[PDB]
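Asks:
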Amino acid sequence: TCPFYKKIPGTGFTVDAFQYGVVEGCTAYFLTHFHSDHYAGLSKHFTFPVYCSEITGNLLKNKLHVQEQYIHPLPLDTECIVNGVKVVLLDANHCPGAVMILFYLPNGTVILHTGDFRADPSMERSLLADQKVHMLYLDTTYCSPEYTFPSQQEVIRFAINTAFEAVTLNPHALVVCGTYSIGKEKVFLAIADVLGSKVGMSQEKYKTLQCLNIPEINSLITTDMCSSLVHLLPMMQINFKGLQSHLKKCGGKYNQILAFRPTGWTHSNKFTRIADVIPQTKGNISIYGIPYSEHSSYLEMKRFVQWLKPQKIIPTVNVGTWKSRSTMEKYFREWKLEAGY
Ligand code: NI
């Protein structure tokens, strides 16, 4: 059974609600982004209308084999009518194709559903600026003050400089980057670009990347591993055993691996600046965990919400425990009292 926080009152709409069977009364299923906790349940046998971005639509078609007749892609930043209700999709600054949805209810209520997002001040000049929002369905992944991490730009700067130094010192080093889903593509693309290489990967990952409308992509990625000095591997293979084994396969072309594991937040963030980050090393293998986040920090989240001044907030993450829910409600009240809405 579908939980309440995936239902849009006064509509026949649900958001990211594919794992509950047929939801009573749902005339259109919205999908915010192509990540497995959100699409869980979709397949080629799904026969209700799905509304989503162009990029999400490419992935539904090519990776999950959803039939074209049920895929309804919408352009961003454009007022659209769906089953008699005005909607707008906005960029969520999450992974490729990820959106927030603004719903304009027939009774005059306005609802913003953020999906998953990394709040940014640039959102304060989208179509959000033009009217009041009554209810906010909020990505609360990191809704606690301990969650600090650097900007995406600082993290990429660290990775580019790290990789460029290592390979200039040793032209026979291989760079490996972990992945398990879409998002965080800037990590491996930025590193390959500074090294003048394409990125090598499996046919399945290449297929996924070809759905994402990235400019000049044919110039940046390849399935030919042997022509490339930046390789992508599944995240589970980014450990001393998995990399040792991968190095065997490269046929004495390389004598050193430097590997990156983009994580979300980790507790080493409470003590250590990005500048100061060091790898785990064994032999000729080094592994850097870098805190590249596609979710709001606490401070970014707070700033967005205090700007928006919603009348009510409904969290969509960390909703399973009483202690979590109580913690989040206390922060929402502080924010409201401090800003005065
Ligand atoms: Ni996500």
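What the sequence shown shows, in the entry's author numbering, is residues 700 to 1040, in sequence order.
Just so it is clear, CB atoms sit at the ideal spot from N, CA and C, and this is done for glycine as well.
Using a Cβ-based criterion (distance less than 7 Å to any ligand heavy atom), does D815 qualify as near the ligand NI?
Replies: Against the sequence shown, residue 815 aligns to sequence position 116. Yes - the ligand NI has a heavy atom lying nearer than 7 Å to the Cβ of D815.
Asks: How is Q766 classed by DSSP in three states: helix, strand or coil?
Replies: Reading the sequence shown from its first residue, position 67 is the one you call residue 766. Reduced to three states, the DSSP call for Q766 is coil.
Asks: Measure the C-alpha to C-alpha separation of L1007 and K831 and round it to an integer number of angstroms.
Replies: Here the question's residue 1007 lines up with position 308 in the sequence shown. Here the question's residue 831 lines up with position 132 in the sequence shown. Roughly 8 Å between the two C-alpha positions.
Asks: Can you tell me whether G756 is buried or exposed, with buried defined as 16 or more other CB within 10 angstroms of its CB?
Replies: Within the sequence shown, the letter at position 57 stands for residue 756. So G756 counts as buried.
Asks: Within the continuous beta strand (DSSP E) that includes residue 688, where are the two ends?
Replies: Residue coverage of the chain in this structure runs from 700 to 1040, which leaves residue 688 outside it and unanswerable.
Asks: Whole angstroms are fine: how far does the CA of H737 sit from the CA of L932?
Replies: Locating residue 932 in the sequence shown gives position 233, where the first residue counts as 1. Locating residue 737 in the sequence shown gives position 38, where the first residue counts as 1. Taking the straight line joining both Cα atoms gives about 23 Å.
Asks: Does the region 869-883 touch the region 929-944, meaning 3 or more C-beta pairs lie closer than 8 Å?
Replies: Flag = yes, the region 929-944 and the region 869-883 touch.
Asks: Under the criterion of a Cβ to heavy atom distance below 7 Å, does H812 qualify as lining the ligand NI?
Replies: As a working note, residue 812 is residue 113 in the sequence shown. No, the Cβ of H812 stays beyond 7 Å of every heavy atom of the ligand NI.
Asks: Can you say whether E778 is buried or exposed, counting buried as having 16 or more other CB atoms within 10 angstroms of its CB?
Replies: Walking along the sequence shown from the start, residue 778 turns up at place 79. Exposed: under 16 other Cβ atoms inside 10 Å.
Asks: Under 6 Å Cβ to Cβ from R960, same chain only, skipping five residues before and after it: list those, please.
Replies: Taking the sequence shown and counting its residues from 1, one reaches residue 960 at position 261. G877, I937, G988.
Asks: Helix, strand or coil: which one does DSSP assign to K981?
Replies: Position 282 of the sequence shown holds residue 981. Three-state DSSP puts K981 in a strand.
Asks: Tell me the start and end of each unbroken alpha helix (DSSP H) in the region 786-858 that is at least 4 residues and wholly inside, in chain order.
Replies: DSSP runs (the alpha helix (DSSP H)) wholly in the region 786-858: none.
Asks: Which two residues bound the contiguous beta strand (DSSP E) that contains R960?
Replies: Position 261 of the sequence shown holds residue 960. It spans 955-961 - the beta strand (DSSP E) in which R960 sits, taken as one unbroken run.
Asks: Can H771 be considered in contact with the ligand NI, in the sense that its beta carbon sits closer than 7 Å to one or more heavy atoms?
Replies: Your numbering for residue 771 matches position 72 in the sequence shown. The answer is no for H771.
Asks: Looking at C-alpha atoms only, which residue of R1002, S752, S967 is the closest neighbour of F848?
Replies: For this step, residue 848 is matched to residue 149 along the sequence shown. Of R1002, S752, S967, the residue nearest in Cα terms is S967.
Asks: Measuring CB to CB, does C794 end up less than 8 Å from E993?
Replies: The count along the sequence shown starts at 1 and reaches residue 794 at position 95. The count along the sequence shown starts at 1 and reaches residue 993 at position 294. A contact, by the Cβ cut-off of 8 Å.
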